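I have placed the structure first, in the form of structure tokens, so that the comments after it can refer back to it.
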Amino acid sequence: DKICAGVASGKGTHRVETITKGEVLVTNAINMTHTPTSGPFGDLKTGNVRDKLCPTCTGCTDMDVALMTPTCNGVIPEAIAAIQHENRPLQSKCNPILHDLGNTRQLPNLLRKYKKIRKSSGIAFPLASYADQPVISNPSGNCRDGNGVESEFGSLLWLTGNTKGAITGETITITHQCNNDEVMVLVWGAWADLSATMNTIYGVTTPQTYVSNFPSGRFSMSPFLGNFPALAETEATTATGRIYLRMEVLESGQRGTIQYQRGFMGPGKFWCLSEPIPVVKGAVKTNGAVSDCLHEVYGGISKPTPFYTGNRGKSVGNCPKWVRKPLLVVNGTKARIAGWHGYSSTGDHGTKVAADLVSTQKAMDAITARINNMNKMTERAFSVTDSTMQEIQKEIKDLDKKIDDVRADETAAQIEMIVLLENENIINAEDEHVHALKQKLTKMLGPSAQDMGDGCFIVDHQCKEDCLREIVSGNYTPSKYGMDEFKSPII
Amino acid sequence: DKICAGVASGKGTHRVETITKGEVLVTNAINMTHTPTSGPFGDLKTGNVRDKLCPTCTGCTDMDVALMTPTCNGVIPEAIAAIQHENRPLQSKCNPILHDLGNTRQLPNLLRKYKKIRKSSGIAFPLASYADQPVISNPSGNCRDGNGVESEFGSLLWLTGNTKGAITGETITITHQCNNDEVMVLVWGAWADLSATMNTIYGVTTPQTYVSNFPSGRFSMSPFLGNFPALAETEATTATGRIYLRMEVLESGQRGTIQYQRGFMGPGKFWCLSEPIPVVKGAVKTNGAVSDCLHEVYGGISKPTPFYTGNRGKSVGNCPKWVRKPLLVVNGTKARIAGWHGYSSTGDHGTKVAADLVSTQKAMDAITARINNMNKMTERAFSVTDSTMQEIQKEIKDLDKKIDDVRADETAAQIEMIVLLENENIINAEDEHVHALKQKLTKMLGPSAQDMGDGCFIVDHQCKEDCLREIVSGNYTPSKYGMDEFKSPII
Amino acid sequence: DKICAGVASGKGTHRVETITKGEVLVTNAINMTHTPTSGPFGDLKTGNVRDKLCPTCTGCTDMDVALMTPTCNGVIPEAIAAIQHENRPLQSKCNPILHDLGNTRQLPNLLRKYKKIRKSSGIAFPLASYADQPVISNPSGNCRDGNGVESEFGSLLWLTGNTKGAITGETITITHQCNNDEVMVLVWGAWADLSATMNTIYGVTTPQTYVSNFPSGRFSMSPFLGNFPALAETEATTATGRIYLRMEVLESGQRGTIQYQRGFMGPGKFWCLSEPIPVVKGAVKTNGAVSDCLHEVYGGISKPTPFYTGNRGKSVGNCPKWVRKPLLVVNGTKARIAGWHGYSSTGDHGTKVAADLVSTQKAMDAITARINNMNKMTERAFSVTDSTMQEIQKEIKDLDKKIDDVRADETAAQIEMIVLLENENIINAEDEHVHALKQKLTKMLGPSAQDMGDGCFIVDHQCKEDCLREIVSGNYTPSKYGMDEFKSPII
Ligand SMILES: *[C@@H]1O[C@H](CO)[C@@H](O)[C@H](O)[C@H]1NC(C)=O
Ligand SMILES: *[C@@H]1O[C@H](CO)[C@@H](O)[C@H](O)[C@H]1NC(C)=O
Ligand SMILES: *[C@@H]1O[C@H](CO)[C@@H](O)[C@H](O)[C@H]1NC(C)=O
Ligand SMILES: *[C@@H]1O[C@H](CO)[C@@H](O)[C@H](O)[C@H]1NC(C)=O
Ligand SMILES: *[C@@H]1O[C@H](CO)[C@@H](O)[C@H](O)[C@H]1NC(C)=O
Ligand SMILES: *[C@@H]1O[C@H](CO)[C@@H](O)[C@H](O)[C@H]1NC(C)=O
């Protein structure tokens, strides 16, 4: 009869693409792409995500918390991600500031992108070092404390001096005060009122000049002294005064300069920030929601598959990455019993087949290992930069977008090439295995074997299920069927 | 006689490099590099390329079209690529503007980089909303229409008020007006003249102040009131007045502020732009020229080979990409009849050979498939970002150049590595094929063969042309030559 | 007796990782990672590195050399790398300039990053072309020459005209003057003094206005006229005047404008720079120290191994690149005499072994070739972009860091993948070799061979050391041992 080994044919259900064989029909395959479904925002499964600077604070917006307003002095917690849910934050709890006339509008979003936020316990510039020495910080008639007594902002001091008259100008210098690895943020401003008011509290009637130089540029301000826009973004009514503002940042080993004349509002406490973290644009949190990753287009999504297809957008957490077209991976053998590799005996005793389990387990193990190696591709991390904001200037934003687009395109192309290579490797390893089975088959058949050449052998005896289980198990001697075993090496 | 199979040797002509075997001489090779030849600029084979804003307009420059001058109101067509053929555009059809005193010089090049250009049907700021109620746009004695009647610009209104005196200042706010995915571009300015004139048309004799804040920064202007540079870039002679200009851009959900005093030239209609497209730096078009891709160094070039060697420069269309050094790909077999793989019989009847076509076609098919896969490398696309201009600031330009250089270097390295890998794979696949021929050879020779082991076999009979063509065709039985066929599987 | 061939087992000492086989114990391995040790700064083994602008000059700081001070006019040498050893360079040899009030502080660090530095032999704006014609450059009572005679700077001219009174304002234009591929740097300033003084030298008592426009932006200056900061950074004591400065840069085909009033200090000679080179941040040079590469974290380091593990920082020269985790490469065979591939004969004559050298040399050659190919990964170069400074603005610096980090992470991931692939390839090629030996073995045994199937063969005679050297050498005939040779191909 004829005994040989090979694979088992089956009905093909999927089609895969290689680099040399084109399209190959295979019985089974694994999908490595999916379409995410939208979901609400929530906390990451890894840690806390920040949406509001002071969740404990009530009646305070982000601008009030950033400005160190009285009755907005809560404790800021830590987080590993942030949501930018307001492109124009508002304030409601002190004297009116003309925010959309300088650059101090996007302050909370600047503080949003650091894990560690702490408030300075000192003062940016000593109060006893000014040119005109008898200076005090004037309490405001509007910004009352919790009890109701008048108070100042807390980070921006309304200054008054002993002298009342025209002044040529005074210059001051500011140095770094936070630690070595910390970012220092401060604010300073100017007071604007009617002509009669300034001549009563400052002694001048003409707009004054202020100059600020910092390791970000120069800024000249000569605020108008007269007609004002509408009164808004304040808790006090019938106010004839306005405040101009300007914020500055500093790193280790840096300094800046300020020149001013009558009507200057001095710096106070400052912010020390550290540990940059990513931020994403979306909506406010929803209670009791935990997701694997945050996507700026879909929301809270899981990661049931290493790659996904659909709209492209920023994401933070443990989520799939963009891929151009659907992909499939071979999970079986080429098409045309219990396992794939098996033996077969044909003759006048009908035809009888068996199965090998150890051999067929190795192929599945290799396929799983290759799948895991491909999966490992979506975890290139361990380098987080300071990043930039989202409403600064067109050129910077477009540069960031170009960088992200280049990265995404290159990663997608690499993924496609790797998929093709792995498909081809599996297809070839199948043939390797079927060949490797043949040498095993011929080792214990003796020298009376009459092999067909194409994997099949001829033997002069009949084989039954006992023969199949013997050759599969390994213990099979031709002698027990009556053919010569082999010559001993000992003459 | 002795019958075996193998490849047909040949004279080597080229040398190729692998990762393990060093330098290998092969009979034939395919070149994958070439040096392009320069050619004139022209239209892309895919679509239209834009060089002039209004090809139908006559007597108008790009500055006049961008400024919505009268008699320059043509239709702006669509295109997929642009050429920046003027780094300093000029104007000749209205009142003089001191362009190289602000930032409004590169206006046509700003409009050039969008596929869809459209002119607003409204007005940026309503004409009734100004603080002074009776306001009118004054026609100018210079900017005449086609007939000859006096006219205004059309995007910049000369404003005059009822009152004539010293004014503290007025502030206005500008909001987004184009659609969600459209970029809004507007311009505004101020009037400069001699001391005697302004006291008659505005009532002041001192330079005034203008302040503009936008999501690009702050801009303060106190134009001089006196000596003026020469009169140029205009169609009107003997004019004592000049105009200062400034342009601003806006996206969805954004706003800006303008504070001004006496002598302000208000905004009018604006531009809505969309669909960013790439631009390249070169010359004007030449009539009736169509090329495959546009290279900023060579011009219109074709793509006869996926890679090219030479100078590096920006390109738009379907063109090769930079490669460091020449490359070659194996297109044959190793060196030392009709096809390569074939049989041979040697004996007392001389030596007779045959050729196998089915196997020798498979190797060429695999080579072509690998070549196509490697060619597919140069089409990483499908993500175009807004990009930037060419005369903005040194740091931004150098950042763009750095990104492009890094991308090019990485692509060149990847291409070289892939070339080496494919060379080695092909050389090994040949050996695979010659081995696979041997099992085919031994299937139909029977059990009486006395194979040499090294691909050759010994049979005890002579072979003629019929023997060779029979074994190549496949139908060959030892029984017809008088040797035992095989043992039947049926006892 | 039984004769076969294979590898020699040995004691396993190292463990390596593949993509399918997991962890494999191997006899020998090669390490491709190391920890650098810090060392002093010095010159590169390739060329000269620049730390001081004029090493030959004595008594002059970098600011004085950049400002073309008298007695600081030495020759500037060439270099291939630069060290930024001062984040705040100082000056000590002329009239005081309020440096930290504009942007002219980091002038030496701007001249530092170009290989070719040359001082112009002309003048930026011809001195006989001003609005008021009788103009002169006033010598300073402070900035004396080496002899002691009064002198000017040499790059910045103190201007005085015939007229003395209020002036409306004057405008000048500056065009490119260096060659086509050269960067032009110029400086200009303004004079500040006390009120009574200017009325004696200029005829005014009020702060004046100066405006500069260049292809980098706008800059307006109205310096204060009165109380001054302390007197420092000069060689002259008891001086009541100060100078404000501003620097501008220009490329080919660019132009700029300056408007000024009374009290303007005019431009003089300028700088032409070319050939950008990289810079690193560190300390001053140490005499007689040469290293293979410069690392901004460790100092002068050598390159004993293509990859290194530890802290990440910028480097210049021929140095390794960052890698996440330690790596090892197979340098032997799988674990369980002179070489590894060898024969063995067993029988009643004990057991005897031999070694093959020609086969075992090929595996070493292949391993070394693959190692060289992997090493070649760390030489991606031949594209140097102009780069930027380190103290400009937060956004630009952060963008640079983002680009560098993206590059580093991608390179590390690629290196890891390639190491895994090469490990697998070597492990498989060993098995290839051991199989390939068997066909050679069976070629010269004759047709009476009784192969065991798994590489071993049975022969009917005894083999001695002579038999082993015969089979390894190749000359071995069964007839001289008493077996049939083969059937002759000629009937
Ligand atoms: C694989 O997933 C993609 C995307 O979800 C889908 O379009 C495709 O039909 C899926 N195919 C199979 C065989 O699962
Ligand atoms: C498909 O792959 C999975 C994952 O290894 C495996 O468990 C399963 O058996 C495969 N499919 C079939 C039909 O064997
Ligand atoms: C291949 O093309 C390059 C392109 O310049 C050329 O230098 C080289 O000589 C060519 N070689 C062959 C064999 O065609
Ligand atoms: C060279 O390659 C081309 C394209 O694959 C092929 O058509 C040609 O036959 C090859 N050369 C030879 C001599 O076969
Ligand atoms: C390989 O080098 C790394 C880098 O220092 C070291 O930690 C490791 O111990 C070394 N191992 C061997 C076997 O050389
Ligand atoms: C380790 O590799 C080197 C070169 O790669 C080789 O010279 C040496 O023989 C190898 N080690 C052993 C034990 O063979």
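Residues are referred to by chain and number: the chain letter is A, B, ... according to the order shown in the structure tokens, the number counts from 1 in that chain, and ligands are numbered separately from 1 in the order shown.
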
Interface list for chain C, partner chain A, 9 Å threshold, only C-alpha atoms, as a count of residues only: 50

Please give me, as an MDAnalysis selection string, the residues lying within 9 Å of ligand 1 when counting only C-alpha atoms and all ligand atoms. chainID A and resid 13:14 29:36 308:310 325:328

So which bits of range 79-310 of chain B end up strand (DSSP E) when you DSSP the backbone, as number ranges by chain? B: 81-83, 114-119, 136-137, 140-144, 150-151, 156-160, 170-175, 183-192, 210-214, 217-221, 242-250, 255-260, 264-267, 271-276, 279-280, 290-291, 293-295, 299-301, 307-308

Straight-line distance linking CA of residue 303 in chain B with CA of residue 317 in chain B, stated in Å to one decimal: 10.3 Å

Range 283-413 of chain B: which residues are helix (DSSP H, G or I) by DSSP, as a VMD selection string? chain B and resid 357 to 378 394 to 413

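Coordinates place CA of residue 154 in chain C at a distance of 12.0 Å from CA of residue 271 in chain C.
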
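Excluding residue 431 in chain A and any residue on its chain fewer than 5 positions from it, the residues at most 12 Å away by only C-alpha atoms are residues 6, 7, 333, 334, 341, 363, 424, 425, 426, 436, 437 and 438 of chain A.
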